[PDB]
Structure formats: C-alpha cells, structure tokens
file run37.txt (compact mmCIF, C-alpha atoms and all ligand atoms)
# COMPACT_ATOMS: atom_id res chain seq x y z
CA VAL V 3 85.87 -9.69 42.50
CA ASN V 4 84.86 -13.04 44.20
CA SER V 5 81.67 -15.14 44.87
CA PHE V 6 80.70 -14.07 48.47
CA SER V 7 77.19 -12.45 48.65
CA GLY V 8 75.31 -10.36 51.32
CA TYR V 9 78.28 -9.63 53.63
CA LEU V 10 78.43 -6.39 55.59
CA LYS V 11 81.79 -4.63 55.18
CA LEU V 12 83.49 -3.96 58.59
CA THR V 13 86.93 -2.84 57.36
CA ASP V 14 89.14 -2.72 54.27
CA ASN V 15 89.55 -6.55 54.47
CA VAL V 16 86.95 -7.96 56.99
CA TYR V 17 83.36 -8.82 55.95
CA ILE V 18 80.61 -10.41 58.09
CA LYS V 19 77.30 -12.26 57.52
CA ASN V 20 74.66 -14.12 59.61
CA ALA V 21 75.14 -17.54 57.97
CA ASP V 22 75.75 -21.19 58.62
CA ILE V 23 79.42 -21.67 57.56
CA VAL V 24 78.49 -25.19 56.28
CA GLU V 25 75.72 -23.82 53.99
CA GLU V 26 78.01 -20.94 53.00
CA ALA V 27 80.85 -23.35 52.07
CA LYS V 28 78.44 -25.63 50.07
CA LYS V 29 77.09 -22.58 48.09
CA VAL V 30 80.46 -20.72 47.54
CA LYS V 31 83.02 -23.60 47.52
CA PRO V 32 85.71 -21.11 48.63
CA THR V 33 89.47 -21.70 48.14
CA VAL V 34 89.86 -21.87 51.99
CA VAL V 35 87.29 -22.62 54.68
CA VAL V 36 88.60 -22.21 58.26
CA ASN V 37 87.74 -24.89 60.83
CA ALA V 38 87.58 -24.03 64.53
CA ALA V 39 89.75 -27.02 65.41
CA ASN V 40 91.24 -28.46 68.54
CA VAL V 41 94.87 -29.70 68.79
CA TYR V 42 93.72 -33.33 68.26
CA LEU V 43 91.61 -32.50 65.15
CA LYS V 44 88.73 -34.27 66.93
CA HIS V 45 85.76 -32.75 65.10
CA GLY V 46 83.06 -33.53 67.68
CA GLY V 47 81.03 -30.38 67.83
CA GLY V 48 80.54 -26.79 66.78
CA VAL V 49 82.05 -25.71 63.46
CA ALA V 50 84.37 -28.78 63.32
CA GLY V 51 81.47 -31.23 63.84
CA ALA V 52 79.17 -29.41 61.41
CA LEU V 53 81.92 -29.16 58.85
CA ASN V 54 82.97 -32.77 59.48
CA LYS V 55 79.33 -34.02 59.35
CA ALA V 56 78.91 -32.21 55.98
CA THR V 57 81.95 -34.16 54.59
CA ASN V 58 80.30 -37.50 55.63
CA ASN V 59 83.22 -37.91 58.18
CA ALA V 60 85.90 -37.74 55.44
CA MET V 61 87.41 -34.69 57.23
CA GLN V 62 87.82 -36.79 60.42
CA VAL V 63 89.38 -39.74 58.49
CA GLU V 64 91.93 -37.39 56.87
CA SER V 65 92.55 -35.65 60.23
CA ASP V 66 93.24 -38.91 62.12
CA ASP V 67 95.85 -39.86 59.46
CA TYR V 68 97.41 -36.34 59.83
CA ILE V 69 97.63 -36.67 63.68
CA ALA V 70 98.98 -40.28 63.49
CA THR V 71 101.84 -38.95 61.29
CA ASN V 72 102.51 -35.48 62.77
CA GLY V 73 101.18 -35.40 66.33
CA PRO V 74 98.88 -32.71 67.75
CA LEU V 75 98.81 -29.03 66.70
CA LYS V 76 99.75 -26.20 69.07
CA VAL V 77 97.05 -23.95 70.57
CA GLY V 78 97.40 -20.92 68.24
CA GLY V 79 98.58 -23.16 65.39
CA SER V 80 97.07 -24.55 62.17
CA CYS V 81 97.43 -27.04 59.39
CA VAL V 82 96.10 -27.09 55.81
CA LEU V 83 94.16 -30.21 54.80
CA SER V 84 91.60 -31.02 52.07
CA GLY V 85 88.37 -28.97 51.90
CA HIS V 86 86.56 -32.12 50.67
CA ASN V 87 83.07 -31.24 49.22
CA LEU V 88 83.09 -27.78 50.97
CA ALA V 89 86.20 -25.90 49.69
CA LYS V 90 89.53 -26.46 47.89
CA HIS V 91 91.34 -26.43 51.28
CA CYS V 92 90.43 -26.48 54.98
CA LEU V 93 92.65 -24.40 57.27
CA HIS V 94 92.26 -26.06 60.70
CA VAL V 95 93.04 -23.30 63.23
CA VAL V 96 93.26 -23.83 67.04
CA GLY V 97 92.04 -20.88 69.00
CA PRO V 98 92.34 -21.08 72.78
CA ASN V 99 89.43 -22.86 74.51
CA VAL V 100 88.65 -20.73 77.66
CA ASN V 101 86.32 -23.59 78.88
CA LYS V 102 89.49 -25.83 78.99
CA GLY V 103 91.65 -23.14 80.76
CA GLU V 104 93.71 -22.14 77.65
CA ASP V 105 95.34 -18.66 77.53
CA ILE V 106 93.10 -16.11 75.63
CA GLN V 107 96.37 -14.21 74.69
CA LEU V 108 96.91 -17.01 72.05
CA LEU V 109 93.88 -15.80 70.05
CA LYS V 110 96.07 -13.26 68.17
CA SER V 111 98.55 -16.08 67.21
CA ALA V 112 95.58 -18.17 65.98
CA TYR V 113 94.29 -15.35 63.71
CA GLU V 114 97.86 -14.78 62.30
CA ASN V 115 97.47 -18.13 60.48
CA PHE V 116 94.80 -16.46 58.27
CA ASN V 117 97.48 -14.13 56.83
CA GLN V 118 98.99 -17.07 54.87
CA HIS V 119 95.82 -17.14 52.64
CA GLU V 120 94.57 -14.34 50.33
CA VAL V 121 90.85 -15.09 50.89
CA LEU V 122 89.09 -17.16 53.61
CA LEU V 123 85.59 -18.14 54.75
CA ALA V 124 85.92 -18.34 58.58
CA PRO V 125 84.11 -18.52 61.89
CA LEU V 126 84.60 -16.37 64.91
CA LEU V 127 87.59 -18.10 66.58
CA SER V 128 87.42 -18.84 70.38
CA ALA V 129 83.68 -17.70 70.48
CA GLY V 130 80.58 -19.94 70.94
CA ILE V 131 81.44 -23.15 72.89
CA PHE V 132 85.18 -22.03 73.04
CA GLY V 133 84.16 -19.69 75.91
CA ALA V 134 85.70 -16.48 74.66
CA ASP V 135 83.88 -13.14 74.32
CA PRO V 136 82.87 -12.94 70.64
CA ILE V 137 83.17 -9.08 70.65
CA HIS V 138 86.83 -9.55 71.66
CA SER V 139 87.37 -12.26 68.98
CA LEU V 140 86.04 -9.91 66.24
CA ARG V 141 88.29 -7.07 67.53
CA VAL V 142 91.36 -9.38 67.47
CA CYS V 143 90.37 -10.58 63.96
CA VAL V 144 90.10 -7.03 62.55
CA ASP V 145 93.34 -5.97 64.33
CA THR V 146 95.36 -9.05 63.20
CA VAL V 147 94.12 -10.37 59.78
CA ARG V 148 95.38 -8.41 56.74
CA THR V 149 94.02 -10.82 54.06
CA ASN V 150 90.35 -10.89 52.92
CA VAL V 151 88.24 -12.69 55.55
CA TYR V 152 84.50 -13.49 55.15
CA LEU V 153 83.14 -14.18 58.71
CA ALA V 154 80.13 -16.46 58.89
CA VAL V 155 78.41 -15.88 62.29
CA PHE V 156 75.78 -18.66 62.78
CA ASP V 157 73.94 -17.10 65.81
CA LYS V 158 71.35 -14.50 64.60
CA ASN V 159 71.20 -12.55 67.87
CA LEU V 160 75.02 -12.63 68.13
CA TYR V 161 75.40 -11.32 64.54
CA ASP V 162 73.16 -8.30 65.38
CA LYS V 163 75.09 -7.70 68.66
CA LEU V 164 78.52 -7.88 66.86
CA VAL V 165 77.43 -5.38 64.15
CA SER V 166 75.77 -2.96 66.61
CA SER V 167 78.82 -2.94 69.00
CA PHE V 168 81.57 -2.85 66.31
CA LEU V 169 83.97 0.15 66.55
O1 LIG O 1 78.91 -18.38 64.72
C1 LIG O 1 78.63 -18.31 65.81
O2 LIG O 1 77.44 -18.15 66.10
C2 LIG O 1 79.51 -18.24 67.00
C3 LIG O 1 80.35 -19.44 67.16
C4 LIG O 1 81.72 -19.54 66.98
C5 LIG O 1 82.06 -20.94 67.20
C6 LIG O 1 83.37 -21.42 67.15
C7 LIG O 1 83.54 -22.76 67.40
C8 LIG O 1 82.47 -23.54 67.77
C9 LIG O 1 81.18 -23.11 67.79
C10 LIG O 1 81.01 -21.80 67.55
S1 LIG O 1 79.58 -20.90 67.54

call {"tool": "encode", "arguments": {"input": "run37.txt", "output": "structure tokens", "more": "lines below"}}
Ligand SMILES: O=C(O)Cc1cc2ccccc2s1
result
Amino acid sequence: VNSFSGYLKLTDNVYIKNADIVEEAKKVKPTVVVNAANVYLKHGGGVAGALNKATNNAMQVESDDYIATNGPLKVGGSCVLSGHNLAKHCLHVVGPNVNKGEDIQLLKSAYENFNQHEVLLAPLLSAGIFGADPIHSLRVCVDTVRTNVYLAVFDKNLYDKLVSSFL
C-alpha cells in the first residue's frame, strides 16, 4: 500500500490520473518524481520548468553543478538527483524530442530507466511540447515499465482521450 489517490488502473503496474505533477509531488512527496529532462538539464519549460519553478530554482542549481562535472546526458538516458521539496529523489529522464529531430525509437530506452525504481510519479515522456504522439508514449510505457508507475497527465482533454483509446 502507498499514498497515491484517485488513479485509474491501466495494467498490473501502470496507473493514471488527470493531475498537475507539481501539485501531485507536493501532496504525495513520493520517493521518486520523474522529470521530462533534456540532455543539458536546462529546465526551461514543461514538466522540467514547472518542477524547477516549484523548487525555487534549486533543481537548476543542482543540475548545472551535475552537468559541469559529468557532461550532458544521452537521449534515452537519465540521472538521479535530489527531489528537493517535491520528492526524495528526482529521476531526470531524456525522452526524444521530435520537435528537435530526435529518433522516436529512443522512447523505449528512456522508459527502461524507470525499471531501476520500485515506485515512480511520472509524466508522459516525449508527449506535450516533446512532439511525440501521447497515445504512443502511453503504449511504450505500459509495454516497457515493469515497476509501479503513477502517470500524472496535466491536460484534461488529453487524459480523457488516453483513457478512452487505451487497449
Ligand atoms: O501531461 C500532459 O498533459 C502531457 C505532457 C507531457 C509533457 C512532457 C514534457 C513537457 C510537457 C509535457 S505536457
């Protein structure tokens, strides 16, 4: 038993809710919140900006130190950093950005990072401003992640569409 509330069950291990991931993280304070990162950990917009804004920019300060030491992530890759005021840990995962020309085939590699954590609060990787088809991203999630994933879909209309179209 855990602390997540009002999620629809999609599969044995995947749950979904129409929720702001920031508000969800503040309420639940999960062990792991997933950030929809880029390889530079430049948290300008979307989930990264909203999460970063909610940390008062501490996520970006930590991230710049991480990049200065380690260099950029790989598309499909991840790193674990602090969750600050939102979670124990933040798993920064780089899904391919279709709007930057990145290969959508790397989405499965991105979701494999979630398997290193027993429970995660996560967004829909490569969807929204990443340019991928969110229906596809949910299918790859369900077909790749074996650990317990709580998907927070921000967009109301998109949440309804994902549930109604889910096989
Ligand atoms: O939750 C949503 O509505 C769908 C989105 C996924 C995502 C990923 C990165 C950046 C923004 C967004 S919006």

call {"tool": "axis_aligned_box", "arguments": {"input": "run37.txt", "around": "range 8-14 of chain V", "padding_each_side": "5 Å", "output": "JSON"}}
result
{"center_x": 82.2, "center_y": -6.5, "center_z": 55.0, "size_x": 23.8, "size_y": 17.6, "size_z": 17.3}

call {"tool": "residues_near_ligand", "arguments": {"input": "run37.txt", "ligand": "ligand LIG 1 (chain O)", "cutoff": "8 Å", "atoms": "all atoms listed in the file", "output": "list in words"}}
result
residues 20, 21, 22, 23, 38, 39, 47, 48, 49, 50, 125, 126, 127, 128, 129, 130, 131, 132, 136, 154, 155, 156, 157, 158, 160 and 161 of chain V

call {"tool": "write_last_selection", "arguments": {"input": "run37.txt", "atoms": "C-alpha atoms", "output": "PDB file, keeping the file's coordinate frame"}}
result
ATOM      1  CA  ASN V  20      74.660 -14.120  59.610  1.00  0.00           C
ATOM      2  CA  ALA V  21      75.140 -17.540  57.970  1.00  0.00           C
ATOM      3  CA  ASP V  22      75.750 -21.190  58.620  1.00  0.00           C
ATOM      4  CA  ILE V  23      79.420 -21.670  57.560  1.00  0.00           C
ATOM      5  CA  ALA V  38      87.580 -24.030  64.530  1.00  0.00           C
ATOM      6  CA  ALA V  39      89.750 -27.020  65.410  1.00  0.00           C
ATOM      7  CA  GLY V  47      81.030 -30.380  67.830  1.00  0.00           C
ATOM      8  CA  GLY V  48      80.540 -26.790  66.780  1.00  0.00           C
ATOM      9  CA  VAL V  49      82.050 -25.710  63.460  1.00  0.00           C
ATOM     10  CA  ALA V  50      84.370 -28.780  63.320  1.00  0.00           C
ATOM     11  CA  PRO V 125      84.110 -18.520  61.890  1.00  0.00           C
ATOM     12  CA  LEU V 126      84.600 -16.370  64.910  1.00  0.00           C
ATOM     13  CA  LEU V 127      87.590 -18.100  66.580  1.00  0.00           C
ATOM     14  CA  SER V 128      87.420 -18.840  70.380  1.00  0.00           C
ATOM     15  CA  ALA V 129      83.680 -17.700  70.480  1.00  0.00           C
ATOM     16  CA  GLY V 130      80.580 -19.940  70.940  1.00  0.00           C
ATOM     17  CA  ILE V 131      81.440 -23.150  72.890  1.00  0.00           C
ATOM     18  CA  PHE V 132      85.180 -22.030  73.040  1.00  0.00           C
ATOM     19  CA  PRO V 136      82.870 -12.940  70.640  1.00  0.00           C
ATOM     20  CA  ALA V 154      80.130 -16.460  58.890  1.00  0.00           C
ATOM     21  CA  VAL V 155      78.410 -15.880  62.290  1.00  0.00           C
ATOM     22  CA  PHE V 156      75.780 -18.660  62.780  1.00  0.00           C
ATOM     23  CA  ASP V 157      73.940 -17.100  65.810  1.00  0.00           C
ATOM     24  CA  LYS V 158      71.350 -14.500  64.600  1.00  0.00           C
ATOM     25  CA  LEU V 160      75.020 -12.630  68.130  1.00  0.00           C
ATOM     26  CA  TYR V 161      75.400 -11.320  64.540  1.00  0.00           C
TER      27      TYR V 161
END

call {"tool": "residues_around", "arguments": {"input": "run37.txt", "residues": "residue 85 in chain V", "least_positions_apart": "3", "cutoff": "10 Å", "atoms": "all atoms listed in the file", "output": "ChimeraX atom specification"}}
result
/V:27,31-37,53,57,60-61,82,88-93

call {"tool": "write_last_selection", "arguments": {"input": "run37.txt", "atoms": "C-alpha atoms", "output": "compact mmCIF listing (two decimals), keeping the file's coordinate frame"}}
result
# COMPACT_ATOMS: atom_id res chain seq x y z
CA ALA V 27 80.85 -23.35 52.07
CA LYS V 31 83.02 -23.60 47.52
CA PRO V 32 85.71 -21.11 48.63
CA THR V 33 89.47 -21.70 48.14
CA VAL V 34 89.86 -21.87 51.99
CA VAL V 35 87.29 -22.62 54.68
CA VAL V 36 88.60 -22.21 58.26
CA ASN V 37 87.74 -24.89 60.83
CA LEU V 53 81.92 -29.16 58.85
CA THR V 57 81.95 -34.16 54.59
CA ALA V 60 85.90 -37.74 55.44
CA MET V 61 87.41 -34.69 57.23
CA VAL V 82 96.10 -27.09 55.81
CA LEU V 88 83.09 -27.78 50.97
CA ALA V 89 86.20 -25.90 49.69
CA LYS V 90 89.53 -26.46 47.89
CA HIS V 91 91.34 -26.43 51.28
CA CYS V 92 90.43 -26.48 54.98
CA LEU V 93 92.65 -24.40 57.27

call {"tool": "closest_residue", "arguments": {"input": "run37.txt", "among": "V:165, V:147, V:83, V:100", "to": "residue 114 in chain V", "atoms": "only C-alpha atoms"}}
result
V:147

call {"tool": "closest_residue", "arguments": {"input": "run37.txt", "among": "V:97, V:112, V:75, V:164", "to": "residue 133 in chain V", "atoms": "all atoms listed in the file"}}
result
V:97

call {"tool": "closest_residue", "arguments": {"input": "run37.txt", "among": "V:94, V:102, V:110, V:138", "to": "residue 44 in chain V", "atoms": "all atoms listed in the file"}}
result
V:94

call {"tool": "residues_around", "arguments": {"input": "run37.txt", "residues": "residue 150 in chain V", "least_positions_apart": "3", "cutoff": "10 Å", "atoms": "all atoms listed in the file", "output": "PyMOL selection string"}}
result
chain V and resi 13-17+116-117+119-123+147+153

call {"tool": "closest_residue", "arguments": {"input": "run37.txt", "among": "V:145, V:140, V:78, V:101", "to": "residue 115 in chain V", "atoms": "only C-alpha atoms"}}
result
V:78

call {"tool": "atom_distance", "arguments": {"input": "run37.txt", "atom1": "CA of residue 56 in chain V", "atom2": "CA of residue 28 in chain V"}}
result
8.9 Å

call {"tool": "atom_distance", "arguments": {"input": "run37.txt", "atom1": "CA of residue 41 in chain V", "atom2": "CA of residue 74 in chain V"}}
result
5.1 Å

call {"tool": "closest_residue", "arguments": {"input": "run37.txt", "among": "V:118, V:107, V:166, V:59", "to": "residue 149 in chain V", "atoms": "all atoms listed in the file"}}
result
V:118

call {"tool": "atom_distance", "arguments": {"input": "run37.txt", "atom1": "CA of residue 95 in chain V", "atom2": "CA of residue 79 in chain V"}}
result
5.9 Å

call {"tool": "closest_residue", "arguments": {"input": "run37.txt", "among": "V:159, V:7, V:111, V:65", "to": "residue 42 in chain V", "atoms": "all atoms listed in the file"}}
result
V:65

call {"tool": "build_atoms", "arguments": {"input": "run37.txt", "residues": "range 79-103 of chain V", "atoms": "N, CA and C atoms", "output": "mmCIF file, in the frame of the given file"}}
result
data_model
loop_
_atom_site.group_PDB
_atom_site.id
_atom_site.type_symbol
_atom_site.label_atom_id
_atom_site.label_comp_id
_atom_site.auth_asym_id
_atom_site.auth_seq_id
_atom_site.Cartn_x
_atom_site.Cartn_y
_atom_site.Cartn_z
ATOM 1 N N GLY V 79 98.038 -22.669 66.660
ATOM 2 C CA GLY V 79 98.580 -23.160 65.390
ATOM 3 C C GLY V 79 97.546 -23.621 64.399
ATOM 4 N N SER V 80 97.950 -24.175 63.271
ATOM 5 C CA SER V 80 97.070 -24.550 62.170
ATOM 6 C C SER V 80 97.718 -25.624 61.340
ATOM 7 N N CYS V 81 96.928 -26.247 60.524
ATOM 8 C CA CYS V 81 97.430 -27.040 59.390
ATOM 9 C C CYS V 81 96.460 -26.905 58.240
ATOM 10 N N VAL V 82 96.932 -27.091 57.024
ATOM 11 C CA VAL V 82 96.100 -27.090 55.810
ATOM 12 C C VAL V 82 95.841 -28.515 55.400
ATOM 13 N N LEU V 83 94.590 -28.887 55.273
ATOM 14 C CA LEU V 83 94.160 -30.210 54.800
ATOM 15 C C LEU V 83 93.155 -30.029 53.660
ATOM 16 N N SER V 84 92.556 -31.090 53.177
ATOM 17 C CA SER V 84 91.600 -31.020 52.070
ATOM 18 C C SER V 84 90.373 -30.234 52.541
ATOM 19 N N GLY V 85 89.704 -29.542 51.632
ATOM 20 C CA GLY V 85 88.370 -28.970 51.900
ATOM 21 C C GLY V 85 87.254 -29.916 51.544
ATOM 22 N N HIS V 86 87.577 -31.105 51.010
ATOM 23 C CA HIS V 86 86.560 -32.120 50.670
ATOM 24 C C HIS V 86 85.495 -31.493 49.748
ATOM 25 N N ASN V 87 84.219 -31.697 50.051
ATOM 26 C CA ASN V 87 83.070 -31.240 49.220
ATOM 27 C C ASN V 87 82.753 -29.775 49.523
ATOM 28 N N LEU V 88 83.445 -29.145 50.480
ATOM 29 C CA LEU V 88 83.090 -27.780 50.970
ATOM 30 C C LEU V 88 83.951 -26.642 50.424
ATOM 31 N N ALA V 89 85.178 -26.906 50.006
ATOM 32 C CA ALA V 89 86.200 -25.900 49.690
ATOM 33 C C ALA V 89 87.378 -26.621 49.023
ATOM 34 N N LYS V 90 88.253 -25.884 48.374
ATOM 35 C CA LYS V 90 89.530 -26.460 47.890
ATOM 36 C C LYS V 90 90.277 -26.990 49.112
ATOM 37 N N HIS V 91 90.494 -26.145 50.105
ATOM 38 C CA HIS V 91 91.340 -26.430 51.280
ATOM 39 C C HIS V 91 90.579 -26.135 52.551
ATOM 40 N N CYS V 92 90.861 -26.842 53.620
ATOM 41 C CA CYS V 92 90.430 -26.480 54.980
ATOM 42 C C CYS V 92 91.628 -26.096 55.839
ATOM 43 N N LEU V 93 91.659 -24.853 56.297
ATOM 44 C CA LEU V 93 92.650 -24.400 57.270
ATOM 45 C C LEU V 93 92.135 -24.657 58.679
ATOM 46 N N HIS V 94 92.663 -25.696 59.323
ATOM 47 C CA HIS V 94 92.260 -26.060 60.700
ATOM 48 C C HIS V 94 93.042 -25.194 61.675
ATOM 49 N N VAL V 95 92.386 -24.259 62.321
ATOM 50 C CA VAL V 95 93.040 -23.300 63.230
ATOM 51 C C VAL V 95 92.599 -23.539 64.646
ATOM 52 N N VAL V 96 93.514 -23.605 65.597
ATOM 53 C CA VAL V 96 93.260 -23.830 67.040
ATOM 54 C C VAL V 96 93.288 -22.525 67.800
ATOM 55 N N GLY V 97 92.102 -21.993 68.079
ATOM 56 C CA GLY V 97 92.040 -20.880 69.000
ATOM 57 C C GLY V 97 92.034 -21.421 70.414
ATOM 58 N N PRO V 98 92.408 -20.620 71.404
ATOM 59 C CA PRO V 98 92.340 -21.080 72.780
ATOM 60 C C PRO V 98 90.898 -21.374 73.196
ATOM 61 N N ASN V 99 90.707 -22.491 73.886
ATOM 62 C CA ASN V 99 89.430 -22.860 74.510
ATOM 63 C C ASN V 99 89.476 -22.402 75.973
ATOM 64 N N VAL V 100 88.799 -21.293 76.284
ATOM 65 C CA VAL V 100 88.650 -20.730 77.660
ATOM 66 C C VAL V 100 87.999 -21.775 78.586
ATOM 67 N N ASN V 101 87.052 -22.552 78.089
ATOM 68 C CA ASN V 101 86.320 -23.590 78.880
ATOM 69 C C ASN V 101 87.240 -24.770 79.224
ATOM 70 N N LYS V 102 88.431 -24.848 78.622
ATOM 71 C CA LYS V 102 89.490 -25.830 78.990
ATOM 72 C C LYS V 102 90.649 -25.151 79.714
ATOM 73 N N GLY V 103 90.577 -23.856 80.038
ATOM 74 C CA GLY V 103 91.650 -23.140 80.760
ATOM 75 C C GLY V 103 92.753 -22.567 79.891
#
